[PDB]
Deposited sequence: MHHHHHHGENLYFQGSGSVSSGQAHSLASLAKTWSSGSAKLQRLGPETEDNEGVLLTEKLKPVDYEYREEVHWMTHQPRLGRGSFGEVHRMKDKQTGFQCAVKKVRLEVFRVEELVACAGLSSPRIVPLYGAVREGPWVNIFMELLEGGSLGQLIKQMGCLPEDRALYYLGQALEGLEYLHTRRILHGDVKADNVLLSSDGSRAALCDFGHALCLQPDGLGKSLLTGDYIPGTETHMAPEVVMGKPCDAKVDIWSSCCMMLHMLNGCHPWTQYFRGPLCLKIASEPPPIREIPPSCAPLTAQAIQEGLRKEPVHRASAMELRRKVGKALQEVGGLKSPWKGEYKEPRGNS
């Protein structure tokens, strides 16, 4: 027996707060959708639910899988995280939030030293998977996705929530690739910041200065460069510890493809100002990116079909 129940977001957050020696079989948590059903107040892997197929990808602090509720047959995603590296922020930051640009959480359930976080599965795959498959993305589609990402950031930032690791691997697409949404709040902060992916990290992060929402903007423009070039910024120019190069080198605007139109290059420049004070906000950048997309003639490229050679 255990303490897994059906309820709302706030009841999950409250319990998650208590998660922060020996290894137990303690089973407890909150399922947020009727599609995931506790059985006699239990929800245990291999008994009531199971993972299958290959991994979906890497999440913060744990692996992500396809899973199925054995009773309802309902399919979703699960990130399994060891209790000692589980951050509460992942289940508190988005409680009471709802946006088309944010992948909804289905709940979380602890099973001894493991915390299983359940989330909607979008069948388009991740933006990171799109890049790998296609080499890189054309300018219009990259702008379109950045726009959508930035809309997600507006929604977060006005609530003083920092996503903390905005990157293609944490953006999910819909089945026709027309919709992108943010996921994985493992590094989220409610405005001590646990830094995300090194290649996407702002100078103020490596400098150890107080971080604000502008960290997400920098990261999102690093993601933009990744979509355009097919690789994370820095990696094609620099060898090892990117920490110091982010802090000391000019911002990676040299990595903007020469083919990009004026306003595309401008937006990326403004999203990549070294001093957060001069860096564009999500509201500002979203507007510029919107103008930028119009000026290249709107979204025209099909989401797949043409492999584009990345930067050598």
Compared with the full deposited sequence, the modelled chain skips 1-15, 36-44, 216-227, 349-350
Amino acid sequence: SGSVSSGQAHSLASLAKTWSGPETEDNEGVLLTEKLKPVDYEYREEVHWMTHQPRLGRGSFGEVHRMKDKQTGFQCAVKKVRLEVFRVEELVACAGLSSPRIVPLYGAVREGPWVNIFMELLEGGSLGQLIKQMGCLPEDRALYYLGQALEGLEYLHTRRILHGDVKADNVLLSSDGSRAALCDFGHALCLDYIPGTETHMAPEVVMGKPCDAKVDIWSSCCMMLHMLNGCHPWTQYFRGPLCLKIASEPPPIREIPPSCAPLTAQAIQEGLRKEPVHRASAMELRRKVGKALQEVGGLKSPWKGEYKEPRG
From here on, numbers count along this sequence of modelled residues.
Stretch with higher mean Cα temperature factor, 153-161 vs 112-120, is 112-120
Going by the entry, of stretches 24-32 and 59-67 the one with greater average Cα B-factor is 24-32
When the entry's CA B-factors for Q269, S281, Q53, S259 are compared, the highest one belongs to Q53
Residue set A265, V277, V47, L285, per-entry CA B-factor max assigned to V47
Quick tally, chain-level thirds of C-alpha B-factors: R254 sits in the middle
Here the Cα B-factor of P302, set against its chain, lands in the third termed highest
Chain thirds by Cα B factor, record data; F238 belongs to the highest
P138: C-alpha B-factor third of its chain, per the entry, is the middle
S174: CA B-factor among chain residues, third -> middle
